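Heads up, the thing below is written out as structure tokens.
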Amino acid sequence: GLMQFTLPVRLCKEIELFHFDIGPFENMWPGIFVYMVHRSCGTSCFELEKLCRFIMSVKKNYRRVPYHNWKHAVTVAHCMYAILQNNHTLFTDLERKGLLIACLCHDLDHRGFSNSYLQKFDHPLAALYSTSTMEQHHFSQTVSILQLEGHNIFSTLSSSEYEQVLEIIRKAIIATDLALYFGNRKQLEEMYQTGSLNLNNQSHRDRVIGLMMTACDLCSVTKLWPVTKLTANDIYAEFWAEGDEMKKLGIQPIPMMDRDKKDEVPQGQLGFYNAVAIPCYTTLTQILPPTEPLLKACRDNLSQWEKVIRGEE
Ligand SMILES: Cc1nc(OCc2nc(-c3ccccc3)cn2C)c2ncn(C)c2n1
Ligand SMILES: [Mg+2]
Ligand SMILES: [Zn+2]
């Protein structure tokens, strides 16, 4: 009970900032997550022993893929920590509990391939889950790990609080299917502008948590430029492997995934910032004003990709 995680001074300070990078020391990432749960949620949200066992089972179930790996899990949870800490009073006790766990679990057992690739391959997961294929898998893997002996971090919740938190997690993880983000953000855009947005309406809160999940998931575009740029290499290492596997099925991949079209990456990043990232953080900032630093960092990174295209880097 009296056992805090403490971080070295630089991390204790920088972890509070949206643009924090969790570092290359994998052994510190569990501690960083527990620290974040303790500050976000409280020192008795979870039994430390069960939480430590849950974290290590989650870690084991992330694969050694270039991008959709344990580092991404913890990175996405940190962005959620920063959103929750800057919006203290807007979220319930259950939501704070559920959303850091959701973020840690959101890409469990990811193979480095898109929903499209699984469907074109005719992977068994594409028969079991016809839409949001990997995301329904990720939720399935989260429930599996929660049911291991000694891994039920929610055991101290009442029956209906348990049902509510697993429902928060399920929706939060499904919302990371980027195919669903575009319509979710359009509806939030409409609701905010006509003034119908009501955070006491559960269907509206679901939508806002969905958008928070997209914001945390895309948060590589909200880091300092050297982090954004080096993370983009890991992102494209997966896309280009998927592209190779598309070519093995006799399907020309989209250019994003074709390593033969590396030269078009900077123009492809502009499209991504303009069509996905900037609109994501703009609507998030309209709904949750203290998340503005994410939008500001995203715009700075857009300007850096604009400089790459102008051959100034
Ligand atoms: C940082 C980042 N970038 C992404 O896509 C960039 C992207 N490159 C292209 C492209 C590249 C080369 C040639 C032609 C087109 C298109 N587009 C959308 C992401 N997609 C999902 N996530 C999480 C992403 N995060
Ligand atoms: Mg995912
Ligand atoms: Zn993700």
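Numbering starts fresh at 1 for the residues of each chain in the structure tokens, the chains themselves are lettered A, B, ... in the order given, and ligands are numbered from 1 as they appear.
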
*Counting only C-alpha atoms and all ligand atoms, what residues are within 9 Å of ligand 2, given as number ranges by chain?*
A: 68, 106-108, 110, 114, 134-135, 138, 173-174, 176-178, 217

DSSP alpha helix (DSSP H) residues within stretch 1-181 of chain A, listed as a short mmCIF file (atom, residue, chain, number, x, y, z; two decimals) with N, CA and C atoms, in the first residue's frame:
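Saved file result-v1.cif follows:
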data_model
loop_
_atom_site.label_atom_id
_atom_site.label_comp_id
_atom_site.auth_asym_id
_atom_site.auth_seq_id
_atom_site.Cartn_x
_atom_site.Cartn_y
_atom_site.Cartn_z
N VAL A 9 14.41 12.13 -11.77
CA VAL A 9 13.89 13.52 -11.84
C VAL A 9 13.51 13.86 -13.29
N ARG A 10 14.36 13.64 -14.27
CA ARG A 10 14.04 14.07 -15.64
C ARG A 10 12.74 13.35 -16.05
N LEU A 11 12.58 12.07 -15.74
CA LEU A 11 11.38 11.35 -16.20
C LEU A 11 10.15 11.78 -15.39
N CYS A 12 10.33 11.95 -14.09
CA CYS A 12 9.24 12.43 -13.20
C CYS A 12 8.66 13.72 -13.79
N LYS A 13 9.49 14.61 -14.34
CA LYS A 13 9.03 15.90 -14.89
C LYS A 13 8.49 15.72 -16.30
N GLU A 14 9.25 15.10 -17.17
CA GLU A 14 8.89 15.00 -18.61
C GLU A 14 7.69 14.06 -18.79
N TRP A 29 9.78 0.26 -18.71
CA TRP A 29 8.41 0.58 -19.20
C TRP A 29 7.34 0.05 -18.27
N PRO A 30 7.41 -1.17 -17.67
CA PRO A 30 6.41 -1.58 -16.69
C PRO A 30 6.29 -0.60 -15.54
N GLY A 31 7.43 -0.17 -15.02
CA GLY A 31 7.48 0.78 -13.90
C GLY A 31 6.82 2.08 -14.32
N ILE A 32 7.13 2.55 -15.53
CA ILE A 32 6.56 3.81 -16.06
C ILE A 32 5.03 3.67 -16.11
N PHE A 33 4.52 2.54 -16.57
CA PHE A 33 3.06 2.32 -16.63
C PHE A 33 2.49 2.32 -15.22
N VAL A 34 3.09 1.59 -14.28
CA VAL A 34 2.54 1.52 -12.90
C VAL A 34 2.52 2.94 -12.32
N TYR A 35 3.61 3.67 -12.45
CA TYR A 35 3.69 5.08 -12.01
C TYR A 35 2.47 5.82 -12.53
N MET A 36 2.15 5.62 -13.81
CA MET A 36 1.06 6.39 -14.47
C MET A 36 -0.29 5.95 -13.89
N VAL A 37 -0.50 4.67 -13.73
CA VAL A 37 -1.72 4.17 -13.05
C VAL A 37 -1.83 4.80 -11.65
N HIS A 38 -0.77 4.78 -10.88
CA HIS A 38 -0.78 5.29 -9.49
C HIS A 38 -1.19 6.76 -9.48
N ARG A 39 -0.66 7.60 -10.38
CA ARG A 39 -0.94 9.05 -10.36
C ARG A 39 -2.32 9.34 -10.96
N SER A 40 -2.75 8.54 -11.95
CA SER A 40 -3.95 8.77 -12.80
C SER A 40 -5.20 8.29 -12.08
N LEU A 48 -1.10 -4.36 -6.47
CA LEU A 48 0.21 -4.27 -7.13
C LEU A 48 0.64 -5.63 -7.70
N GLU A 49 0.53 -6.72 -6.95
CA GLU A 49 0.96 -8.09 -7.36
C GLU A 49 0.18 -8.50 -8.64
N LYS A 50 -1.14 -8.36 -8.61
CA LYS A 50 -2.00 -8.73 -9.76
C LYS A 50 -1.66 -7.79 -10.94
N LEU A 51 -1.41 -6.50 -10.68
CA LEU A 51 -1.20 -5.52 -11.77
C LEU A 51 0.13 -5.87 -12.47
N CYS A 52 1.17 -6.14 -11.69
CA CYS A 52 2.52 -6.55 -12.18
C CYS A 52 2.40 -7.83 -12.98
N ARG A 53 1.63 -8.79 -12.49
CA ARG A 53 1.45 -10.04 -13.26
C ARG A 53 0.65 -9.74 -14.54
N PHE A 54 -0.36 -8.90 -14.49
CA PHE A 54 -1.13 -8.56 -15.71
C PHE A 54 -0.20 -7.90 -16.77
N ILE A 55 0.56 -6.89 -16.37
CA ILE A 55 1.48 -6.12 -17.25
C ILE A 55 2.43 -7.09 -17.97
N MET A 56 2.97 -8.07 -17.25
CA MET A 56 4.05 -8.92 -17.79
C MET A 56 3.41 -9.93 -18.73
N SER A 57 2.19 -10.37 -18.44
CA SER A 57 1.46 -11.25 -19.38
C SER A 57 1.06 -10.45 -20.64
N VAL A 58 0.69 -9.20 -20.47
CA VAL A 58 0.37 -8.37 -21.67
C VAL A 58 1.62 -8.22 -22.51
N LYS A 59 2.73 -7.85 -21.89
CA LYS A 59 4.02 -7.69 -22.60
C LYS A 59 4.36 -8.96 -23.41
N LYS A 60 4.25 -10.12 -22.79
CA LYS A 60 4.59 -11.40 -23.43
C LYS A 60 3.74 -11.59 -24.67
N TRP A 70 5.29 -3.87 -27.90
CA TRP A 70 5.14 -3.48 -26.50
C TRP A 70 5.48 -1.99 -26.32
N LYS A 71 6.51 -1.46 -26.98
CA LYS A 71 6.82 0.00 -26.87
C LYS A 71 5.59 0.85 -27.28
N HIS A 72 4.93 0.50 -28.38
CA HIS A 72 3.72 1.22 -28.86
C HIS A 72 2.64 1.19 -27.78
N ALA A 73 2.42 0.02 -27.18
CA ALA A 73 1.40 -0.18 -26.14
C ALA A 73 1.65 0.86 -25.07
N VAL A 74 2.88 0.93 -24.60
CA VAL A 74 3.18 1.78 -23.42
C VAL A 74 3.13 3.25 -23.86
N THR A 75 3.59 3.54 -25.02
CA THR A 75 3.55 4.89 -25.60
C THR A 75 2.10 5.38 -25.65
N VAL A 76 1.21 4.54 -26.15
CA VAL A 76 -0.21 4.91 -26.32
C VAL A 76 -0.81 5.14 -24.92
N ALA A 77 -0.51 4.29 -23.94
CA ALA A 77 -0.98 4.48 -22.56
C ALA A 77 -0.46 5.80 -21.99
N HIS A 78 0.78 6.16 -22.30
CA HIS A 78 1.34 7.43 -21.77
C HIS A 78 0.53 8.60 -22.33
N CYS A 79 0.25 8.62 -23.62
CA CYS A 79 -0.56 9.73 -24.19
C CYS A 79 -1.93 9.80 -23.49
N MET A 80 -2.51 8.65 -23.17
CA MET A 80 -3.80 8.62 -22.45
C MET A 80 -3.60 9.17 -21.04
N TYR A 81 -2.50 8.80 -20.40
CA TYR A 81 -2.17 9.33 -19.06
C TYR A 81 -2.16 10.87 -19.13
N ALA A 82 -1.45 11.42 -20.11
CA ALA A 82 -1.31 12.88 -20.24
C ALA A 82 -2.69 13.53 -20.50
N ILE A 83 -3.52 12.92 -21.34
CA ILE A 83 -4.90 13.44 -21.57
C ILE A 83 -5.66 13.43 -20.24
N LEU A 84 -5.62 12.32 -19.51
CA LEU A 84 -6.42 12.17 -18.28
C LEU A 84 -5.92 13.15 -17.21
N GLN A 85 -4.61 13.35 -17.12
CA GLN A 85 -4.04 14.20 -16.07
C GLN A 85 -4.39 15.66 -16.34
N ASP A 93 -13.97 7.40 -12.12
CA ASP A 93 -12.95 6.53 -11.49
C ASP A 93 -12.73 5.30 -12.40
N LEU A 94 -13.83 4.70 -12.87
CA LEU A 94 -13.87 3.50 -13.75
C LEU A 94 -13.18 3.80 -15.09
N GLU A 95 -13.48 4.95 -15.65
CA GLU A 95 -12.94 5.34 -16.97
C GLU A 95 -11.41 5.41 -16.88
N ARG A 96 -10.88 6.06 -15.85
CA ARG A 96 -9.42 6.20 -15.61
C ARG A 96 -8.76 4.81 -15.50
N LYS A 97 -9.32 3.92 -14.67
CA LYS A 97 -8.96 2.47 -14.53
C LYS A 97 -8.96 1.82 -15.91
N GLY A 98 -10.08 1.92 -16.61
CA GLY A 98 -10.31 1.17 -17.86
C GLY A 98 -9.43 1.65 -19.00
N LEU A 99 -9.27 2.97 -19.17
CA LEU A 99 -8.64 3.55 -20.38
C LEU A 99 -7.11 3.32 -20.42
N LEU A 100 -6.41 3.29 -19.31
CA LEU A 100 -4.94 3.03 -19.34
C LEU A 100 -4.74 1.56 -19.66
N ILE A 101 -5.57 0.70 -19.08
CA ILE A 101 -5.54 -0.74 -19.42
C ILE A 101 -5.90 -0.93 -20.90
N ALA A 102 -6.93 -0.27 -21.37
CA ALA A 102 -7.35 -0.42 -22.77
C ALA A 102 -6.18 -0.10 -23.69
N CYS A 103 -5.50 0.99 -23.40
CA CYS A 103 -4.37 1.50 -24.18
C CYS A 103 -3.22 0.51 -24.17
N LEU A 104 -2.89 -0.04 -23.00
CA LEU A 104 -1.83 -1.05 -22.85
C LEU A 104 -2.18 -2.29 -23.68
N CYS A 105 -3.46 -2.63 -23.79
CA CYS A 105 -3.92 -3.89 -24.45
C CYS A 105 -4.35 -3.70 -25.90
N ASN A 115 -6.00 -5.03 -41.25
CA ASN A 115 -7.28 -5.73 -41.43
C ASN A 115 -7.39 -6.16 -42.90
N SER A 116 -7.06 -5.27 -43.86
CA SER A 116 -7.16 -5.55 -45.31
C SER A 116 -6.30 -6.77 -45.65
N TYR A 117 -5.05 -6.78 -45.18
CA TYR A 117 -4.13 -7.90 -45.47
C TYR A 117 -4.73 -9.21 -44.94
N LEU A 118 -5.24 -9.24 -43.71
CA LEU A 118 -5.83 -10.49 -43.16
C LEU A 118 -6.98 -10.96 -44.06
N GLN A 119 -7.84 -10.05 -44.53
CA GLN A 119 -9.01 -10.39 -45.38
C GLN A 119 -8.48 -10.91 -46.72
N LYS A 120 -7.53 -10.23 -47.31
CA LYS A 120 -7.01 -10.70 -48.62
C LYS A 120 -6.29 -12.02 -48.46
N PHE A 121 -5.62 -12.26 -47.33
CA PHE A 121 -4.90 -13.52 -47.10
C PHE A 121 -5.90 -14.65 -46.87
N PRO A 124 -7.85 -16.91 -40.74
CA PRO A 124 -8.97 -17.34 -39.90
C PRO A 124 -9.60 -16.20 -39.08
N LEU A 125 -8.80 -15.25 -38.58
CA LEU A 125 -9.39 -14.11 -37.79
C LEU A 125 -10.38 -13.32 -38.63
N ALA A 126 -10.22 -13.29 -39.97
CA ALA A 126 -11.13 -12.54 -40.89
C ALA A 126 -12.48 -13.25 -41.03
N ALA A 127 -12.54 -14.56 -40.82
CA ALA A 127 -13.79 -15.34 -40.77
C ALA A 127 -14.45 -15.14 -39.41
N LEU A 128 -13.69 -15.12 -38.33
CA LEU A 128 -14.24 -14.96 -36.96
C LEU A 128 -14.75 -13.52 -36.76
N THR A 133 -11.17 -6.41 -37.58
CA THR A 133 -10.71 -7.79 -37.39
C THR A 133 -9.64 -7.82 -36.28
N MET A 134 -8.54 -7.09 -36.45
CA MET A 134 -7.48 -7.16 -35.41
C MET A 134 -8.02 -6.59 -34.10
N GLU A 135 -8.89 -5.59 -34.15
CA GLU A 135 -9.31 -4.91 -32.88
C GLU A 135 -10.19 -5.87 -32.06
N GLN A 136 -11.03 -6.66 -32.71
CA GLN A 136 -11.85 -7.64 -31.94
C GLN A 136 -10.90 -8.70 -31.35
N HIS A 137 -9.88 -9.10 -32.10
CA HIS A 137 -8.81 -9.99 -31.60
C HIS A 137 -8.15 -9.38 -30.37
N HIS A 138 -7.72 -8.12 -30.46
CA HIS A 138 -7.01 -7.44 -29.35
C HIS A 138 -7.92 -7.46 -28.10
N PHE A 139 -9.21 -7.17 -28.26
CA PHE A 139 -10.12 -7.23 -27.10
C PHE A 139 -10.22 -8.68 -26.56
N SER A 140 -10.28 -9.66 -27.45
CA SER A 140 -10.38 -11.09 -27.09
C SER A 140 -9.14 -11.47 -26.28
N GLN A 141 -7.96 -11.04 -26.71
CA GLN A 141 -6.72 -11.33 -26.00
C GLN A 141 -6.72 -10.62 -24.65
N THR A 142 -7.33 -9.44 -24.52
CA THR A 142 -7.35 -8.71 -23.22
C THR A 142 -8.16 -9.51 -22.21
N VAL A 143 -9.32 -9.98 -22.64
CA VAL A 143 -10.25 -10.78 -21.76
C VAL A 143 -9.53 -12.08 -21.36
N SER A 144 -8.87 -12.74 -22.29
CA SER A 144 -8.10 -14.00 -22.04
C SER A 144 -7.11 -13.80 -20.89
N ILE A 145 -6.35 -12.72 -20.94
CA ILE A 145 -5.30 -12.41 -19.95
C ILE A 145 -5.97 -12.04 -18.64
N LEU A 146 -7.05 -11.24 -18.64
CA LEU A 146 -7.78 -10.92 -17.38
C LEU A 146 -8.27 -12.20 -16.68
N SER A 159 -20.02 -6.51 -9.52
CA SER A 159 -20.42 -7.18 -10.78
C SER A 159 -20.69 -6.13 -11.88
N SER A 160 -21.40 -5.04 -11.56
CA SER A 160 -21.88 -4.09 -12.60
C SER A 160 -20.76 -3.11 -12.94
N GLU A 161 -19.93 -2.73 -11.97
CA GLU A 161 -18.71 -1.97 -12.24
C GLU A 161 -17.79 -2.81 -13.14
N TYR A 162 -17.70 -4.12 -12.94
CA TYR A 162 -16.84 -5.00 -13.76
C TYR A 162 -17.36 -4.96 -15.19
N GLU A 163 -18.66 -5.13 -15.38
CA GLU A 163 -19.29 -5.12 -16.72
C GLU A 163 -19.07 -3.77 -17.42
N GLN A 164 -19.14 -2.69 -16.66
CA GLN A 164 -18.97 -1.33 -17.19
C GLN A 164 -17.52 -1.14 -17.66
N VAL A 165 -16.55 -1.60 -16.88
CA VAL A 165 -15.13 -1.33 -17.23
C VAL A 165 -14.78 -2.19 -18.46
N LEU A 166 -15.28 -3.42 -18.58
CA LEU A 166 -14.92 -4.29 -19.73
C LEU A 166 -15.58 -3.70 -20.96
N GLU A 167 -16.71 -3.04 -20.78
CA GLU A 167 -17.42 -2.36 -21.89
C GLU A 167 -16.68 -1.08 -22.33
N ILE A 168 -16.22 -0.26 -21.40
CA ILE A 168 -15.28 0.83 -21.72
C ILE A 168 -14.08 0.31 -22.53
N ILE A 169 -13.46 -0.77 -22.07
CA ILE A 169 -12.23 -1.29 -22.71
C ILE A 169 -12.56 -1.75 -24.11
N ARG A 170 -13.63 -2.55 -24.25
CA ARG A 170 -14.04 -3.09 -25.55
C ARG A 170 -14.25 -1.92 -26.53
N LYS A 171 -15.08 -0.95 -26.16
CA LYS A 171 -15.34 0.20 -27.08
C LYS A 171 -14.04 0.95 -27.39
N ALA A 172 -13.18 1.13 -26.39
CA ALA A 172 -11.95 1.93 -26.54
C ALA A 172 -11.04 1.19 -27.53
N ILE A 173 -11.03 -0.14 -27.47
CA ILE A 173 -10.10 -0.92 -28.32
C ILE A 173 -10.66 -0.97 -29.75
N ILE A 174 -11.95 -1.27 -29.91
CA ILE A 174 -12.62 -1.22 -31.23
C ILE A 174 -12.42 0.16 -31.88
N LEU A 178 -8.84 2.44 -37.32
CA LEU A 178 -8.85 3.79 -37.96
C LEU A 178 -10.04 3.91 -38.95
N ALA A 179 -10.52 2.82 -39.56
CA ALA A 179 -11.63 2.87 -40.51
C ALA A 179 -12.82 3.50 -39.80
N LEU A 180 -12.98 3.32 -38.49
CA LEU A 180 -14.12 3.90 -37.73
C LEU A 180 -13.90 5.35 -37.30
N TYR A 181 -12.67 5.83 -37.28
CA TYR A 181 -12.34 7.18 -36.78
C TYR A 181 -13.05 8.28 -37.61
#

*asked:* Can you measure atom CA of residue A:280 to atom CA of residue A:214 for me? One decimal in Å is fine.
replied: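 Interatomic distance here is 7.4 Å.
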
*Have a look at A:26, A:298, A:67, A:87 and name the one nearest to residue A:239; count only C-alpha atoms.*
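Of A:26, A:298, A:67, A:87, the one nearest residue A:239 is A:67, counting only C-alpha atoms.
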
*Pick from A:216, A:15, A:278, A:295, whichever lies nearest to ligand 3 using only C-alpha atoms and all ligand atoms*: A:216

*What is the atom 25 (N, counted along the ligand's line) of ligand 1-atom CA of residue A:109 distance in Å, reported with one decimal?*
18.9 Å

Please check which protein, DNA or RNA residues sit within 6 Å of ligand 1, counting only C-alpha atoms and all ligand atoms, and write them as a CSV table (one decimal) with N, CA, C and O atoms, in the first residue's frame.
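Produced file part.csv, reproduced below:
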chain,number,residue,atom,x,y,z
A,218,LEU,N,-2.3,7.6,-32.5
A,218,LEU,CA,-1.6,8.2,-33.6
A,218,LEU,C,-0.5,9.1,-33.0
A,218,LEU,O,0.2,9.8,-33.8
A,221,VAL,N,2.9,11.3,-34.1
A,221,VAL,CA,2.9,12.6,-34.9
A,221,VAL,C,2.8,13.8,-33.9
A,221,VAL,O,2.8,14.9,-34.4
A,232,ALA,N,8.4,7.0,-37.7
A,232,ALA,CA,7.9,6.7,-39.0
A,232,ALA,C,8.6,5.6,-39.7
A,232,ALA,O,8.0,4.9,-40.5
A,255,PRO,N,0.6,2.4,-52.8
A,255,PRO,CA,1.9,2.9,-52.7
A,255,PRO,C,2.5,3.1,-51.3
A,255,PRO,O,3.7,3.0,-51.1
A,256,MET,N,1.7,3.4,-50.3
A,256,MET,CA,2.1,3.5,-48.9
A,256,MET,C,2.8,2.3,-48.5
A,256,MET,O,3.7,2.3,-47.6
A,261,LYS,N,8.3,2.7,-53.8
A,261,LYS,CA,7.8,4.1,-53.8
A,261,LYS,C,8.1,4.8,-52.5
A,261,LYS,O,7.3,5.7,-52.1
A,262,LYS,N,9.3,4.5,-51.9
A,262,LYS,CA,9.9,5.2,-50.7
A,262,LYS,C,10.0,6.7,-50.9
A,262,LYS,O,9.6,7.4,-49.9
A,264,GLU,N,7.9,8.7,-52.3
A,264,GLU,CA,6.6,9.4,-52.1
A,264,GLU,C,6.2,9.5,-50.7
A,264,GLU,O,5.1,10.0,-50.4
A,265,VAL,N,7.1,9.1,-49.7
A,265,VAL,CA,6.7,9.0,-48.3
A,265,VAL,C,6.4,10.4,-47.8
A,265,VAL,O,5.3,10.6,-47.1
A,268,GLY,N,3.0,11.4,-48.9
A,268,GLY,CA,2.1,10.6,-48.2
A,268,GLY,C,1.9,11.0,-46.7
A,268,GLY,O,0.8,10.9,-46.2
A,269,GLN,N,3.0,11.4,-46.0
A,269,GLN,CA,2.8,12.0,-44.7
A,269,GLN,C,2.0,13.2,-44.7
A,269,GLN,O,1.1,13.4,-43.7
A,271,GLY,N,-0.6,14.0,-46.6
A,271,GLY,CA,-2.0,13.6,-46.7
A,271,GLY,C,-2.5,13.1,-45.4
A,271,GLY,O,-3.6,13.5,-45.0
A,272,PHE,N,-1.7,12.2,-44.7
A,272,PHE,CA,-2.0,11.7,-43.4
A,272,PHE,C,-2.2,12.8,-42.4
A,272,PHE,O,-3.2,12.7,-41.6

*Might you pull out every residue within 7 Å of stretch 16-21 of chain A, with only C-alpha atoms counted and same-chain residues fewer than 5 positions away left off, and present them as a ChimeraX atom specification?*
/A:79,82,222-224,293-294

Got time to write the residues from that selection, N, CA, C and O atoms, as a PDB file, in the first residue's frame?
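Result file part.pdb:
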ATOM      1  N   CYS A  79       0.250   8.617 -23.616  1.00  0.00           N
ATOM      2  CA  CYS A  79      -0.556   9.727 -24.188  1.00  0.00           C
ATOM      3  C   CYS A  79      -1.926   9.801 -23.489  1.00  0.00           C
ATOM      4  O   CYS A  79      -2.379  10.932 -23.158  1.00  0.00           O
ATOM      5  N   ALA A  82      -1.455  11.418 -20.109  1.00  0.00           N
ATOM      6  CA  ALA A  82      -1.309  12.879 -20.244  1.00  0.00           C
ATOM      7  C   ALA A  82      -2.688  13.526 -20.499  1.00  0.00           C
ATOM      8  O   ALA A  82      -2.980  14.600 -19.889  1.00  0.00           O
ATOM      9  N   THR A 222       2.842  13.547 -32.631  1.00  0.00           N
ATOM     10  CA  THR A 222       2.743  14.619 -31.614  1.00  0.00           C
ATOM     11  C   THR A 222       4.009  14.662 -30.750  1.00  0.00           C
ATOM     12  O   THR A 222       4.023  15.425 -29.756  1.00  0.00           O
ATOM     13  N   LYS A 223       5.046  13.937 -31.155  1.00  0.00           N
ATOM     14  CA  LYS A 223       6.367  13.891 -30.464  1.00  0.00           C
ATOM     15  C   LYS A 223       7.258  14.996 -31.055  1.00  0.00           C
ATOM     16  O   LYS A 223       6.874  15.677 -32.053  1.00  0.00           O
ATOM     17  N   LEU A 224       8.417  15.204 -30.443  1.00  0.00           N
ATOM     18  CA  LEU A 224       9.405  16.113 -31.059  1.00  0.00           C
ATOM     19  C   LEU A 224       9.828  15.466 -32.368  1.00  0.00           C
ATOM     20  O   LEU A 224       9.789  14.213 -32.463  1.00  0.00           O
ATOM     21  N   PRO A 293      -1.719  20.946 -26.656  1.00  0.00           N
ATOM     22  CA  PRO A 293      -0.307  20.735 -26.996  1.00  0.00           C
ATOM     23  C   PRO A 293      -0.117  19.622 -28.038  1.00  0.00           C
ATOM     24  O   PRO A 293       0.780  19.697 -28.781  1.00  0.00           O
ATOM     25  N   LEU A 294      -0.999  18.609 -28.030  1.00  0.00           N
ATOM     26  CA  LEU A 294      -0.980  17.553 -29.067  1.00  0.00           C
ATOM     27  C   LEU A 294      -1.190  18.180 -30.415  1.00  0.00           C
ATOM     28  O   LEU A 294      -0.476  17.799 -31.355  1.00  0.00           O
TER      29      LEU A 294
END

*So which residues touch residue A:307 within 12 Å, counting only C-alpha atoms, skipping near sequence neighbours fewer than 5 positions away, as a ChimeraX atom specification?*
/A:225,266-267,269-270,300-302,312-313

For those residues, write N, CA, C and O atoms to a file as a compact mmCIF listing (two decimals), in the first residue's frame.
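Result file follows (result_39.txt):
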# COMPACT_ATOMS: atom_id res chain seq x y z
N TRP A 225 10.25 16.28 -33.33
CA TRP A 225 10.48 15.83 -34.72
C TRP A 225 11.40 14.59 -34.77
O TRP A 225 11.09 13.63 -35.45
N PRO A 266 7.23 11.44 -47.98
CA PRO A 266 6.93 12.79 -47.49
C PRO A 266 5.58 13.31 -47.97
O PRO A 266 4.81 13.81 -47.13
N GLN A 267 5.25 13.18 -49.26
CA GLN A 267 3.90 13.59 -49.76
C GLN A 267 2.81 12.74 -49.09
O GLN A 267 1.79 13.31 -48.61
N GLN A 269 2.95 11.42 -46.05
CA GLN A 269 2.82 11.97 -44.67
C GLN A 269 1.96 13.24 -44.66
O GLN A 269 1.09 13.37 -43.75
N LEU A 270 2.15 14.17 -45.59
CA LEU A 270 1.27 15.37 -45.67
C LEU A 270 -0.22 14.98 -45.72
O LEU A 270 -1.03 15.56 -44.89
N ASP A 300 3.50 21.26 -35.78
CA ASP A 300 4.96 21.48 -35.96
C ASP A 300 5.53 20.37 -36.83
O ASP A 300 6.34 20.70 -37.71
N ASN A 301 5.05 19.12 -36.65
CA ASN A 301 5.56 17.94 -37.43
C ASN A 301 5.08 18.05 -38.87
O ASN A 301 5.78 17.67 -39.80
N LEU A 302 3.87 18.55 -39.08
CA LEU A 302 3.41 18.76 -40.46
C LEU A 302 4.39 19.74 -41.11
O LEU A 302 4.90 19.48 -42.16
N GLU A 312 14.74 20.95 -47.89
CA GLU A 312 15.45 21.58 -46.73
C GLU A 312 15.78 20.54 -45.63
O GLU A 312 16.30 20.98 -44.56
N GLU A 313 15.44 19.25 -45.85
CA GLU A 313 15.88 18.04 -45.09
C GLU A 313 15.24 16.78 -45.71
O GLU A 313 15.59 15.62 -45.39

*Name the closest residue to ligand 3 among the candidates A:196, A:122, A:111, A:273; distances are taken between atoms, counting only C-alpha atoms and all ligand atoms.*
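Closest to ligand 3, using only C-alpha atoms and all ligand atoms: A:111.
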
_Show me, as a ChimeraX atom specification, the residues that have an atom within 10 Å of residue A:289 when counting only C-alpha atoms, minus same-chain residues fewer than 6 positions from it._
/A:86-87,282-283

*May I ask which of the residues A:25, A:248, A:131, A:175 is the closest one to ligand 3, counting only C-alpha atoms and all ligand atoms?*
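The closest residue to ligand 3 is A:175.
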
*Quick one: distance from atom CA of residue A:210 to atom CA of residue A:285 in Å, one decimal?*
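Interatomic distance, atom CA of residue A:210 to atom CA of residue A:285: 14.1 Å.
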
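Taking only C-alpha atoms and all ligand atoms into account, ligand 3 lies nearest to A:219 out of the set A:148, A:219, A:209, A:153.
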
*For ligand 3, which residue among A:215, A:199, A:208, A:45 is the nearest when counting only C-alpha atoms and all ligand atoms?*
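Smallest distance to ligand 3 is found for A:215.
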